[PDB]
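Given as structure tokens, the chain that follows is alone and in the form deposited in one PDB entry.
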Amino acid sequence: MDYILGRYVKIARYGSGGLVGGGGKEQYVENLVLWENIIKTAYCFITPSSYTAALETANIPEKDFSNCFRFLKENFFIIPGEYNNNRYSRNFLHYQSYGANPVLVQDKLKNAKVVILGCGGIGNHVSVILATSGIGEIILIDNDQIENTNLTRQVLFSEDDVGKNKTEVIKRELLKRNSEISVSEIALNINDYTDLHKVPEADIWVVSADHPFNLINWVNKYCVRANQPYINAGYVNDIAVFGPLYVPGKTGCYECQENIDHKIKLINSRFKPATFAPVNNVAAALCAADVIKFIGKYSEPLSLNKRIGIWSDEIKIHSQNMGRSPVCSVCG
């Protein structure tokens, strides 16, 4: 078999040796001689080569070459030549760097179906990422119409779209960006649990709809019954939220873990979130990544068994545990 150097591999002289790779998998090789040999080895795989052929070309001791080849291979700095090959080419570099076959990942995305339940801030941003990453079918669910105030966060919408159906404009704008995918709309506000039967089975549901307060509870109980994976995303004012990502039988579910009354109920009935496009976009982006990773199967979604928050007025990411509980009211 042939191997090839990933284009995502950068090399830098640093400290007593140097760096190989960039991002999460960046390696610090302290020993300069080892680092120089890794360079000599990587050089042989810029164009695809078998191990024996590169061994000849590199002209360093076989034991050293074997060391360097192994190091490059384990970190997916060099990859099976078969994994090399296109509109998705940049995403391919991503899948490659996790040690996946991008063609198999792309095929999984192409054959997947994603429900977007809620086509507001989060729906807009999640739906574009998924569509342009080649998710084969996207179903858009909302009964609301576009308003001028939506435009701060709802990136697919224009001034001219005010008054039109949310699902209609998303579908239009999605197809402008990737005409290879199929998009559906369902004009549907979930008023009671039974309405969830109108939401089709899919690989995963992206749930950002937020009214009423126990919508997420209905969705959860429904999806546990239906063996339907879903992921929740949103915000609480300045905090971006994504997760949990519920996987039937594998992860925990959402549930696992008086004249004062009319005053609290009144105050809470008037609540409107004080939030911010950047907050919205962070939640949606990380939600979309967990969806791609879940369907593509190349890396573990972050929000399995977790509800993750990202703060905007300080530097902070924190997770609330949503691990499985054998005493759970809904699952088990």
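Residue numbers here begin at 1 and follow the sequence given. Heads up, when I say rigid core I mean the largest set of C-alphas that superpose within 1.5 Å between the two forms.
Quick note: we don't show the form deposited in another entry, though the next part is all about it.
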Single mover in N178, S184, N75, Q145, with Cα shift of 2 Å or more between the shown form and the other one when the core is superposed: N75
Residue shift check between the shown form and the other one, rigid core fit, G296 Cα at least 2 Å: no
After fitting the core, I308 CA displacement of 2 Å or more between the shown form and the other one: no
Per-residue C-alpha change between the shown form and the other one, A274, threshold 2 Å, rigid core fit: no
